[PDB]
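> opening with a subset of the complex:
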Amino acid sequence: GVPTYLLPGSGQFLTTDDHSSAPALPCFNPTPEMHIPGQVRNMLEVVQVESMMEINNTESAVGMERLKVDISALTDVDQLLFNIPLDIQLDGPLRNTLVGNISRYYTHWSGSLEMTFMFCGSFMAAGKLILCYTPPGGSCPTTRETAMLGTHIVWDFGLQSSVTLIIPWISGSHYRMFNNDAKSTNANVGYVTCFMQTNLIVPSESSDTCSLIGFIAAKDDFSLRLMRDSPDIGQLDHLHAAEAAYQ
Amino acid sequence: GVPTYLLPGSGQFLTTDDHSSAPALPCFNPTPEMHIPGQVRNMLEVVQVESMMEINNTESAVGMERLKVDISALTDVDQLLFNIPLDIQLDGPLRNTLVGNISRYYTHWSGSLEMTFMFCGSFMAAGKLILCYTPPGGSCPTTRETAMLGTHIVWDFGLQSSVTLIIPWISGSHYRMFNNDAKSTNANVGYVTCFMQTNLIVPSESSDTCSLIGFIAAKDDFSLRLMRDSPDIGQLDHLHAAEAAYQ
Amino acid sequence: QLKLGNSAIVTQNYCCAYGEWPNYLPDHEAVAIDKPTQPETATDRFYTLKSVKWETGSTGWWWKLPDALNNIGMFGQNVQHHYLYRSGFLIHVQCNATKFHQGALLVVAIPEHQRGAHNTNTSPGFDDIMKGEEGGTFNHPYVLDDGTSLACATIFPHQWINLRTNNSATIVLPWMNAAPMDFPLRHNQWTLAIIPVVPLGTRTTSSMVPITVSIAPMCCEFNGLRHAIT
């Protein structure tokens, strides 16, 4: 007949192959495809939707107090409000985001991020902030004089109650790494800080402890590759009633 | 289905095969090819670059004294300065060269060699040498009267501080052998000798012990085949921290 | 002349490293979305290092780029303020003596010179590699301090200063990295290596013969502008 010979890799079961197999149910007519709303053809569509950062990932922030950042009226000039580690692959405020949990299924990642800070004070509350993205190499800038030299945006609380802080894609390589190292030149992203540009100035009837909801999305140039398991979920023993699927 | 039968050589793992295999990462987009300087498409490009001979491969030549050859003023007529065994496959002055270490990955070799002797005396230092390539069969010619009959070149130290001693490809066969035998008719190349054509004549202020740096390259007609392991490097036990790649 | 910026060198033969002349980063190979700033004359100029004494018992000298130039001039100020970095170099190593001196200098520019320490299995630390403007002296230049060979070191981009023949070496380096730009404070893409293959010898009155190294960072790009690290 046809003279063949088995290559190495014969009889192996690669879990990521793309071969057809013998169908168990022949001449089975599947259910006709009905138009269901919101088809995801590509997981970047899940990533490019903005989702809340837990910038207030501290102790004594129980439950829902972790999403918002309580800014207040400050009697001193140019105080730091918050800073955000930008590793979407590692644990931090970006881990429980759509750009974070989907990227932890991957190892390499490119493309720009898109922060959005939604201010949730009163209409009478007026003030200005700065949103300083600092490219890495140095420490986190603790003064506003240090952080203004990086990529920043000055944001009034006029009718503007939201922003678009484009964290630009600044890297030597085309992608990044995970490699358990947040301080590596191949994995570290930089630091977004936020300072009082002026102050949070409220009247006598508005609440002084106003909150910032911080979002993060990804831009159109975002990319992910080298798919891996998620470290977010784990399994020590079998789940409950998993034996009951055998009974 | 398709009636087949397994040939002999089925399930073998030949290390030098050219078969495609099932990729572990499907739809993986690699990093785009950036123009990096100096691509080697062919290992003869590494070979055709001139590299220093260790003609002074003697004892009491410690370290860097082995590259250069200290020639001096001689009171006697027509003395031998140095001679070079020309086996690029075997151990000798040509082993630690680009034409040597890359050829020791191979067994057969064709093509002409290209020696270059760079003189490193003073500008006031004047003299003449001869560079006698002798085809094999006889002994190494010890007198200049014997070595002038072979392929030679007479070289002034005028503005000429370098040469191009084309060792021509003279062989019966198309290629050569290694076969652990430097004296075989299939492996021996011949002998390059160097005699004082006149003398090394320096003034009272130039250093009399002038040096010759000897290079060797390969020509365009050089060739290598029948690839083998390199005998230059070896391994008795595992290297240090090689177990640490498993921990 | 080698006129770069306000700096210039009059000369009376160079070596494009791997045939490539250093240019700016092309847009199809660009990775960062913002425009890289190009200090076209403040940094594209000859920065001259400290001259080292080419003596009789000398083993060698190595300067890692841009680590030799991370604290010099406006190039040192663009490096410390910007995260990314991309430039080629025009190294002009120049060493002249009389017509009675002899010697040879393998002025060789090594791409990615991962060094090694003798007799120990511990990797070289940060202080053994990032020497800065002072550079370093070769411990074993016969094996280039990495187990390789100096005899084959001419496969690298380098020429010669034979005091018989010439008195200068010009090596013109492109950007040599797998990445288009790189963080310059933790990586050294090139390494200018200067090795006494034939030592300095003469019978005349022994003058000091130094080797002066002028390095001109050509086609400097920079991204990631922020506060200085220094």
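Here it is on my side, so go on. Numbering: from 1, shown residues only, chains lettered A, B, ... in the order given.

> any idea whether the spatially most central residue of chain C is helix, strand or coil?
Closest residue to the average C-alpha location of chain C: residue C:192 at 3.6 Å, with C-alpha atoms, centre = their mean. Three-state assignment for residue C:192 (DSSP: H, G, I helix; E, B strand; the rest coil): strand.

> so in terms of bridging, what pairs with it?
Applying DSSP bridges to residue C:192 yields these beta-bridge partners: residue C:63, residue C:109.

> that one contacts residue C:107, correct?
Yes: Residue C:192 is in contact with residue C:107 according to C-beta atoms under 8 Å; the separation is 7.5 Å. C-beta coordinates here come from the backbone N, C-alpha and C atoms, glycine included.

> which residues are common contacts for the two?
By C-beta atoms under 8 Å, 6 or more residues apart in numbering or on different chains, residue C:192 and residue C:107 have these common neighbours: C:91, C:93, C:171.

> give me the neighbour count for residue A:19.
The number of residues packed near residue A:19 is 6, by other C-beta atoms under 10 Å in any protein chain shown.

> and the one 3 residues further on, by the same measure?
Residue A:22 sits with 5 neighbouring residues when counted by other C-beta under 10 Å.

> which of the shared contacts of residue C:192 and residue C:107 tops the neighbour count?
Among the shared contacts of residue C:192 and residue C:107, residue C:91 has the most neighbours (other C-beta under 10 Å), with 29 neighbours.

> now do whichever helix or strand that residue is part of: which elements does it pack against?
Residue C:91 is part of strand C:86-94, with elements assigned from DSSP states H and E. Counting contacts by 3 or more C-beta pairs under 8 Å, 6 or more residues apart in numbering or on different chains; DSSP states H and E, strand C:86-94 packs against strand C:102-111, strand C:168-173, strand C:190-201, strand C:210-221.

> how about the residue of chain C at minimum distance from chain B, nearest residue that isn't a chain neighbour?
Nearest residue of chain C to chain B: residue C:18, at 3.1 Å (C-beta to the nearest C-beta). Distance criterion C-beta to C-beta, 6 or more residues apart in numbering or on different chains; nearest residue to residue C:18, sequence neighbours excluded, is residue B:38 at 3.1 Å.

> circling back to that earlier point, A strand includes the residue of chain C closest to chain B, no?
No: Residue C:18 is assigned helix when assessed by three-state DSSP, not a strand.

> now do the SS call for residue A:46.
Classification of residue A:46 by three-state DSSP places it in helix.

> what sits against it?
Counting by C-beta under 8 Å, 6+ apart, residue A:46 makes contact with A:40, A:98, A:102.

> could you identify which of the residues you listed has the most neighbours?
With neighbours defined as other C-beta under 10 Å, the most crowded of these is residue A:98; it has 20 neighbours.

> tack on chain D:
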Amino acid sequence: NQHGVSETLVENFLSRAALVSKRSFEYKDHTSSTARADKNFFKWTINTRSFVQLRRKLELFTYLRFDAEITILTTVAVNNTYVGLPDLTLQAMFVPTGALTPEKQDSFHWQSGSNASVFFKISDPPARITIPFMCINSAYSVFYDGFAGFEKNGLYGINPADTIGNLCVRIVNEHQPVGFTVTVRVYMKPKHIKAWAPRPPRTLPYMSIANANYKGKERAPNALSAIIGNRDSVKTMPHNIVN
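So that you can see how it sits with the rest, here is chain D on the chains above:
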């Protein structure tokens, strides 16, 4: 944009042959074993809910339309002395949801007059069958906000239309004078995936397979009151570059 987006495709994201079932069942004289122990066969109601890697990937979406590609890796071990591993022939009969699953190893339900059986061996490559899209609806309800029955005793979140069926796997050989621990690992690769309505990725650990209950870790990360692990203050950088 030179960077390819082709690995984030859901056709590449979900089509990984992940583990969906694993039973190490004994293989011996089952004349003294109890009713709980597997008497040389096991039923398995085919679900993606048992192993949390494929579950959380499929719980990213509300509705899924995939063809399962069931690959059955059967491996064997010996329960003092050791002898050679046998070349056991196995039958993996596909039983629909709620149909008659067999009571014995040698019962007359394994004759498979219409049920799709696959007969494979341990020494062979693993048996791979393509289960097609077998839902009465146009997509698998991964999350079914509702109840199965018309009475008020139905199970919440469990649509039986979402269930593929039963993968009844037995060993075709008779019992042998020594016992073997035959482990059957089932690997399902969803293919031709059409995924609708993406969802938040589940942060808290799973409690059961029948429902979306949650307890969380006792402390952060992935705790109930604190999903992301805690730091000192909001102005304190965890992985700061301090030189």
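
> once more on the neighbour count of residue A:19, with chain D this time?
Residues lying near residue A:19 (other C-beta under 10 Å) number 8.

> now do it against chain B, distance only.
Relative to chain B, residue A:19 is positioned 8 Å away (C-beta to the nearest C-beta, to the nearest Å).

> how close does that residue sit to residue D:17?
The gap separating residue A:19 from residue D:17 is 11 Å, by C-beta to C-beta, to the nearest Å.

> what does chain C put close to chain D?
Counting by C-beta under 8 Å from any C-beta of the partner chain, chain C comes close to chain D at C:28, C:229.

> how about the residues of chain C by chain A?
For chain C, the residues in contact with chain A (C-beta under 8 Å from any C-beta) are C:31-34, C:81, C:83-84, C:177, C:179-183, C:185-187, C:223-229.

> pull out the buried residues from these.
C:31-32, C:34, C:81, C:83-84, C:177, C:179-183, C:185, C:187, C:223-227 (16 or more other C-beta atoms under 10 Å in any protein chain shown).

> what residues does chain D put near chain C?
D:2, D:243.

> can you point me to the longest helix in chain D?
Longest among the helix segments of chain D by residue count, using DSSP state H, is helix D:52-58.

> which secondary structure elements does that helix contact?
Under the contact criterion of 3+ C-beta pairs under 8 Å, 6+ apart, helix D:52-58 touches strand D:18-27.

> quick one: strands adjacent to the strand it packs on?
strand D:180-188 (antiparallel).

> which helix or strand lies directly C-terminal to the partner strand?
strand D:191-198.

> so is that following strand next to chain A?
Yes: against chain A, strand D:191-198 shows contacts by C-beta under 8 Å from any C-beta at D:194, D:195, D:196, D:197, D:198.

> now, which of those sits nearest chain C?
Nearest to chain C among the residues of strand D:191-198 next to chain A is residue D:198, at 26.5 Å by C-beta to the nearest C-beta.

> contacts only, for the closest one.
Here residue D:198 is in contact with A:38, A:40, A:45, A:46, D:60, D:61, D:62 (C-beta under 8 Å, 6+ apart).

> could you redo the last one with a cut-off of 10 Å?
Applying C-beta atoms under 10 Å, 6 or more residues apart in numbering or on different chains, we find residue D:198 in contact with A:38-40, A:43, A:45-47, A:49, A:98, A:102, D:10, D:60-62.

> spatially nearest residue to it, not counting backbone neighbours?
For residue D:198, ignoring the flanking residues on the chain, the nearest one in space by C-beta to C-beta, 6+ apart is residue A:46 at 4.6 Å.

> roughly how far does the one you found sit from residue A:34?
Counting by C-beta to C-beta - residue A:46 and residue A:34 are separated by 22 Å.

> kindly report the same for residue C:112.
Taken as C-beta to C-beta, the span from residue C:112 to residue A:34 is 58 Å.

> residue numbers of chain A in contact with chain B?
Proximity of chain A to chain B is confined to A:1-12, A:14-19, A:108, A:110, A:173-175, A:223-227 under the rule C-beta under 10 Å from any C-beta of the partner chain.

> let's bring in chain E now:
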Amino acid sequence: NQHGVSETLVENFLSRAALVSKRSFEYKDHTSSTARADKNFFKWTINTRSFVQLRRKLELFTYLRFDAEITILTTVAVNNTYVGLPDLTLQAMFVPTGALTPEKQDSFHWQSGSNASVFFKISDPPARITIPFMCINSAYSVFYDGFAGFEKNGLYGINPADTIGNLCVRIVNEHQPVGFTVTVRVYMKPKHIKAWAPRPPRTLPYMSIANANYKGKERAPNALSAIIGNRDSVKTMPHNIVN
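With chain E now in place:
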């Protein structure tokens, strides 16, 4: 020129399936073995640095762009009496650089929800997978003159972008009443090689895999002060034809 130059091609020079990993790990009841001993699995950080034949061939170049073709040859031996060699099923799960490697043989990381596992046997032909070009840069930095981190504690010469990943290989079977010494030889053939910036071939022997340290042989050849073996004088021919 009639002589072909096609064997000195780097596509032919480097594409040899050379040995890159080898562990003879035990296979038995690991209820009394220590933490250092392999409890039926091993992790391996994939590198070309461990075996000096492929290492010196890839250390001829500064930058390399190849697709690895990992071929895993698993062979088995028995630790008094002798019995037949088992047909052990092995899993070789590909873990990225710095991801979660499994702690046990039967841990729930081997389910491979997204990690590329290959399931092969000893009796089968060796499992061959093509690892693509997996660097964030456009080429593998074989020599990385620099440091990994932004702090001054990083390892010199080790770029983690150069690292392929982890090749976590376990035995899918349970423990058996006799012990086996299961040796797993991994053979990597780089293919589609694009090689940049050639380097001097390393003369001195290697000391470690993490760095380019050197000691040399005590005497010539390949010594520190003398790479080429010594002769009598510069005018003395070693292999002279004396008739």
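
> please look at the neighbour count of residue A:22 again, because chain E has been put in.
Residues near residue A:22, counting by other C-beta under 10 Å, number 11.

> one more: the one 4 residues further on?
Counted with other C-beta under 10 Å, the burial measure for residue A:26 works out to 8 neighbours.

> shouldn't it be in contact with residue D:129?
No: Residue A:26 lies out of contact with residue D:129 (C-beta atoms under 10 Å); the separation is 11.0 Å.

> list residues touching both of these two?
Here residue A:26 and residue D:129 share the contacting residues residue D:116, scored by C-beta under 10 Å, 6+ apart.

> got the buried residues for the strand ranked longest in chain A?
When chain A is parsed with DSSP state E, its longest strand is strand A:191-201. For strand A:191-201, burial by neighbour count (16+ other C-beta under 10 Å) applies to A:191, A:192, A:193, A:194, A:195, A:196, A:197, A:198, A:199, A:200.

> what's downstream of that strand, the next helix or strand?
Sequence order places strand A:210-218 as the next helix or strand after strand A:191-201, per DSSP H and E.

> then that next one to CSV, C-alphas only?
Listed next in CSV are the C-alpha coordinates belonging to strand A:210-218 (Å, rounded to 0.1, in the frame of the first residue of the first chain):
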residue,chain,number,x,y,z
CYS,A,210,-15.1,62.9,48.2
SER,A,211,-14.3,59.7,46.4
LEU,A,212,-12.5,58.8,43.2
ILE,A,213,-13.5,55.6,41.3
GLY,A,214,-10.6,54.5,39.2
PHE,A,215,-11.1,52.6,36.0
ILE,A,216,-8.6,50.9,33.6
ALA,A,217,-9.1,49.7,30.1
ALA,A,218,-6.8,48.9,27.2
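
> nearest residue to residue 48 other than its sequence neighbours?
In the absence of a named chain, this looks at chain A. Going by C-beta to C-beta, 6+ apart, residue A:48 has residue A:218 as its nearest residue, at 5.1 Å.

> correction: the question concerned chain C.
That would be residue C:214: by C-beta to C-beta, 6+ apart, it lies 4.6 Å from residue C:48.

> and if you look at residue D:46?
Taking C-beta to C-beta, 6+ apart, and ignoring the residues beside it in sequence, residue D:46 has residue D:164 as its nearest neighbour in space, at 3.8 Å.

> same check, this time on residue D:115
Excluding the flanking residues, the one nearest residue D:115 by C-beta to C-beta, 6+ apart is residue D:93, at 5.1 Å.

> which strand or helix spans that neighbour?
Per DSSP H and E, residue D:93 falls inside strand D:89-95.

> counting neighbours, what do you get for residue C:28?
Per other C-beta under 10 Å, the neighbour tally for residue C:28 reads 9.

> and it, helix, strand or coil?
With three-state DSSP as the basis, residue C:28 sits in coil.

> what does the one 4 residues further on give?
For residue C:32, the secondary-structure state derived from three-state DSSP is coil.
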